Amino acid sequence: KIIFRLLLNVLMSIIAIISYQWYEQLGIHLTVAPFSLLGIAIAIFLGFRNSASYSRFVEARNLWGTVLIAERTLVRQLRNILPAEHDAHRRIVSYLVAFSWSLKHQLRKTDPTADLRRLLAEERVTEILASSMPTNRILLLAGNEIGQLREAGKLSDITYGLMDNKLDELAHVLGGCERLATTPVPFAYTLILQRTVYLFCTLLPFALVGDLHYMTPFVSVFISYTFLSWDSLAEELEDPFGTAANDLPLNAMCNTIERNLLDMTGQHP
């Protein structure tokens, strides 16, 4: 994709060289100086934009970081507060593991059913799949587990509350991820910046050819590489739950989560 636009730029430079003979005749002059202005303007704009994209990526990485943290500490509190309640341990862990996988699926816009069935009773799978938000439902069921221990008097209102906070933290992760997935910043205004860099890159050799002659392709490819490299990297970072090269290894992240939670509950991968 990047190499296609680079090859088309080498070609366009040749078009500029072979048709430079016609330049004076057809009545067209093109200096470097105006293209330097527009060039720098674009660079400034790509610089800010690209930084904005990196921010989103870092936030996305961060939210997933919190899934692991919150889940670890929720399991920790369960063990420290109710060390004898290993039934509750196992079931809650099931939901927390389910939550992660379901979040991966949600963000990937794929089917959660395989993973859900692996981890949970089929009655719960139907309840979870029935909801507009399966991750929200999973949190509600994990909520019932601690909520029932509270009714049984095995948790106090304080110790229920400490565990409730972690579910609250997971709610916040889910909200943040949902926010980052459903936020393409006006669909037109990324396509409009892209068509700008593109149109600048292909008109540049035409302007460069006066000053450079046969060097035109070598300089024009180098400039275009730089600008396109930057533009496309910003594109990858913008959508961090995607399946692109420089996007979050969400399946690996989910494995780490499950393994951690299994390690904490005396069980073996």
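We number the residues from 1 along the sequence you see.
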Highest mean C-alpha temperature factor of the two stretches 110-118 and 169-177, which is it?
110-118
Higher average CA B factor in the deposited record is what I'm after, so tell me if that's 74-82 or 193-201.
193-201
Based on the PDB record, which member of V185, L149, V125, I92 exhibits the highest Cα temperature factor?
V185
Based on the PDB entry, the highest CA temperature factor among the options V67, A52, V209, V58 is that of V209
Record-listed C-alpha B factor of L63: chain third:
lowest
Within this chain's modelled residues, let me know which third the CA B factor of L38 belongs to: lowest, middle or highest.
middle
C-alpha B factor of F48, ranked within the chain: lowest, middle or highest third?
lowest
Ranking the modelled residues of this chain by C-alpha B-factor as given in the entry, is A252 in the lowest, middle or highest third?
middle
